[PDB]
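Included below are structure tokens for two forms of one protein chain, each presented in isolation as structure 1 and structure 2.
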Structure 1
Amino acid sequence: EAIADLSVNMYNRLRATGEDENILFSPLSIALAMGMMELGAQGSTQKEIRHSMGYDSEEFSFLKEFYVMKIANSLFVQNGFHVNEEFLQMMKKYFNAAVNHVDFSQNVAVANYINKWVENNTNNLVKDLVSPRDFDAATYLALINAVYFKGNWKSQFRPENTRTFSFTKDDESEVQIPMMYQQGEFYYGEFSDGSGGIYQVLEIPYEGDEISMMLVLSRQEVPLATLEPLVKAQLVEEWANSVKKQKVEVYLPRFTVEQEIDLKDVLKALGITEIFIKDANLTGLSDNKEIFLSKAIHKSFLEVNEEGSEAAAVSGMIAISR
């Protein structure tokens, strides 16, 4: 529910900084990563995270509570760097983090090693999360989360039904794209757009009956931006609770979306600032008071086609000594 508000807050930042571009991220991945960071934080630094993530009202128990669906965490620790036993224990308990010892000074080697792990846990869909330019003698720790999903639509589109259609961008320009089609039994509702003053919500289940894709679409005459301010956690819940299974004529593009986001900017927008400064309190992760969070990275991939969807997101955290 937390994740709910989190997702919407983070999305709003990305709208703000993402002038008219595609957006894609995984709030789940970001929460798991920040969960791991939080285990390291203390005092002021921990309190700020907890608040920003909405945990004031632990959260580790909820975080633990986690077709193909895979979630993996790993820790890369500088050789001979002494990490708090307690940190390590919790990290295993709550995140089942793989723990690896590396020499960050061997910067090409370590980048390759971390990138291989990413590939191994995203079906190769996310590449170059890190680079050798990320690592040196000052690097102490990297923590990574990956989320990976692959599912067939419960009711697949037949490739024979896919035809070229004009897609009208919100800047009124047009592109011709492959447009999948089926008449299927999906969950559908109509909501007032606040203004034919309605928008459509369509929920399409995947095989396995656990996961779905929800699509939200304004009337043709109206830009998506008109609907965006409406998007709040309470509304998301309402959408889920208001759609009715029925026959629907569905025209949906075959598409891929990718995004690398400035995760530091996003977290800062949530109010998370202390971890990023020299005098951060990460005394939870070790007795080494010189440590702070240098880089926060998030990259995602989504493919949508006739058979279903395949998606991955990875969040990475790189900690250094001043």
Structure 2
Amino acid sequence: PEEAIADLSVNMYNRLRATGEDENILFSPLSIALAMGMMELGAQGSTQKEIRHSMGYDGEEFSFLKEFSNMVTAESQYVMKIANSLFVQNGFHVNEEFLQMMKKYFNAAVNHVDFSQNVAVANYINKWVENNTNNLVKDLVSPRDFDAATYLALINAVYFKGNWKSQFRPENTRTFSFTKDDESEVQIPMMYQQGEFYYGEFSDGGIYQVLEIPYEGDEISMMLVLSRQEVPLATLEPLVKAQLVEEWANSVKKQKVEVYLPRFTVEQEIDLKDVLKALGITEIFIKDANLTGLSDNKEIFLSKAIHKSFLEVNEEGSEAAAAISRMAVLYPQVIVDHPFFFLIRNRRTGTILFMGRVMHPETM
């Protein structure tokens, strides 16, 4: 099932590593899976067979895609904000039924603009996004993204901030230096607690740690992957493959671990196209794309695709309660004070919500 969402994230990750040396990396393979759903709803024949293949082959699917945008978005703890939308030029008429489907399954939204007024559309689209991220995701696009061209444009942004299951007490939050992989250090707030998590060490092709902090509700969790003090994260990254991810979750063991987690925020905005292309998604991007599913107009293809994810982490959470020798106990430490790989996952369904890497945890 989401087995597939597994692969998709991993691929997108590896591509972005290659075309992204040394910057922070965040994206919701969930969100992006919905975006492509829309496209698939609009595509037919040659183009549709291409989005079906590159994503999840067997339909089916939307059901699935209806689950996510809802069963992981519609409670008191862990906030998901998703703005999925397609923006199409004024002369082009989107088929009466495509608009029904788009709302029936994805609950997204189609808009009409005049890309020739490239500033006004750019101001309109930033606003719209804010209007659907409770004003948390700003500055998605600029006037130069648009011109009389463009015809239509995919916009896809996500905010997420969850509630820790065992909450860090802010009285243990202290200022730590965070050494970046270029050995420059910035100071951060370092949350800390001793509690029970899923933990575990693994080795390379040296041993790195994997620490899976659950959110309130047990449905979701964030999984960190942190290497040894001298070792650049780029060392471990190549290892990220579907199999290893699922291995980590087959393998980590619940147990009482000392955690040092910085209070931080990660936000990354990619252009959705290179990455899609890299995954074999190319036809929706060319003149003779086949989107006769969304409109009768000859003529229409995809021109802009922008993702932006935003993830916030801090102390907030619930209250939790809490032997080798009976005369002594040994606790592992996880001091997350240098760059890490992490992903956010549905521990039950195994859907990935975010994959990324903190390279510069700074704020301001």
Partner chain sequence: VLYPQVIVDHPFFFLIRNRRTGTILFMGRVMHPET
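By rigid core we mean the largest C-alpha set that fits within 1.5 Å across both forms. All residue numbers here follow the sequence of structure 1, with the first residue given the number 1.
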Check against labels, form deposited with the partner chain bound ends up as structure 1
Where does the C-alpha shift reach 2 Å or more between structures 1 and 2 among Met179, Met213, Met90, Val231, given a fit on the rigid core? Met90
Core superposed first: is there a CA shift of 2 Å or greater at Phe157 between structures 1 and 2? no
Comparing between structures 1 and 2 on the rigid core, is the C-alpha shift at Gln246 2 Å or larger? no
Determine, after fitting the two forms on their core, whether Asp170 shows a C-alpha shift of 2 Å or more between structures 1 and 2. no
Look at the Cα of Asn121 between structures 1 and 2 with the rigid core superposed and state its shift in Å. 3.6
Angstrom shift of the Cα atom of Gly80 between structures 1 and 2 (superposition on rigid core): 8.3
If you line up the core, how far does the Cα of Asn9 move between structures 1 and 2, in Å? 0.5
